[PDB]
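Per full-length UniProt numbering, residue 1025 is the first one in the sequence shown, and the count goes up by one each step.
The block underneath contains the structure these notes are about, expressed in structure tokens.
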Amino acid sequence: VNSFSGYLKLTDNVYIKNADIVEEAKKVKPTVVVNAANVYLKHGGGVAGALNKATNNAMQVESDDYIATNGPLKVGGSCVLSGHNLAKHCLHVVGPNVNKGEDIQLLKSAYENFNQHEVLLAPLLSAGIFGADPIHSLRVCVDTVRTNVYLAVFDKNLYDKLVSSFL
Ligand SMILES: O=C(O)C[C@@H](NC(=O)c1ncnc2[nH]ccc12)c1cccc(O)c1
């Protein structure tokens, strides 16, 4: 038993809610919150900008040190950093950004990172301003992640569309 509330069960291990991931994190304090990162960990907008703002820019400061030491992530890759005031850890996952011309085929690899964590609070990868088809991303999530994932979808109209179209 865990502390998430009001989530809709989709499969054996995936739950979904129309909510702000920052507020779900402030409430639950999950072991792992997933950020929809880019390879440079430059947290400008979307999930990343929102999470980073909620940490008072501490996420960005930590991320800049990570990049200075390790160099950029790979598209499809991830790193574990602090969750600051939002969670124990933040799993920064790079899904392909279609608006950058990146390969949507790498979405499955991005979701595979979730399998290294027993429970996660996460956004839908490559959705929103990342420019991919969100229905497709939800399909990839359910067909790839085997650990327990709680998805927080910000846009209400998107949430309603995803639920009503889910197979
Ligand atoms: O509309 C959606 O769910 C898709 C969208 N989500 C959010 O921007 C978002 N999700 C949950 N909590 C949030 N709090 C503040 C913003 C926010 C998104 C954007 C970029 C990358 C990505 O993978 C997903």
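Note that CB positions come from ideal geometry on N, CA and C, so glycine has one too.
So is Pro1158 buried or exposed if we call it buried at 16+ other beta carbons inside 10 Å? Counting every other CB atom within 10 Å of its CB across the protein chains shown gives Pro1158 a total of 16 or more, marking it as buried.
Helix, strand or coil: how does DSSP classify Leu1105 here? Strand at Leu1105.
Can you check which of these residues, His1108, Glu1086, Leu1034, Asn1062, is closest to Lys1053 by C-alpha distance? Distances from the CA of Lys1053 to each of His1108, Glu1086, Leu1034, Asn1062 were compared; the closest alpha carbon is that of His1108.
Measuring only from the beta carbon, is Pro1054 closer than 7 Å to any heavy atom that is part of ligand 3? The model depicted lacks ligand 3 and carries ligand 1 instead.
Name the residue from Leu1148, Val1071, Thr1079 whose alpha carbon lies nearest to the alpha carbon of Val1169. Of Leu1148, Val1071, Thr1079, the residue nearest in Cα terms is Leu1148.
One question on the structure: do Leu1110 and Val1046 come within less than 8 Å of each other, judged by their Cβ atoms? In this structure, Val1046 lies closer than 8 Å to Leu1110 by Cβ.
Just curious, the beta strand (DSSP E) that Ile1040 is in, first and last residue? Segment 1038 to 1042, the beta strand (DSSP E) holding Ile1040.
Cβ-based burial, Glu1142 [other Cβ within 10 Å; buried from 16]: With fewer than 16 other Cβ atoms within 10 Å, it is exposed.
Give me, in chain order, the residues of the same chain whose beta-carbon lies closer than 6 Å to that of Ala1151; leave out the 5 immediate sequence neighbours on both sides. So the qualifying residues of the chain are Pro1158, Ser1161.
Option in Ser1027, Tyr1135, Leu1065 with minimal Cα separation from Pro1096: For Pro1096, the nearest C-alpha among the options comes from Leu1065.
Can you check which of these residues, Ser1133, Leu1182, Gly1100, is closest to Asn1062 by C-alpha distance? Closest in alpha carbon position to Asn1062, among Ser1133, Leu1182, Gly1100, is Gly1100.
Would the beta-carbon of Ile1153 be found less than 7 Å away from any heavy atom of ligand 1? Yes - ligand 1 has a heavy atom lying nearer than 7 Å to the Cβ of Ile1153.
Any heavy atom of ligand 1 closer than 7 Å to the CB of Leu1110? Answer for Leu1110: no, Cβ out of range of ligand 1.
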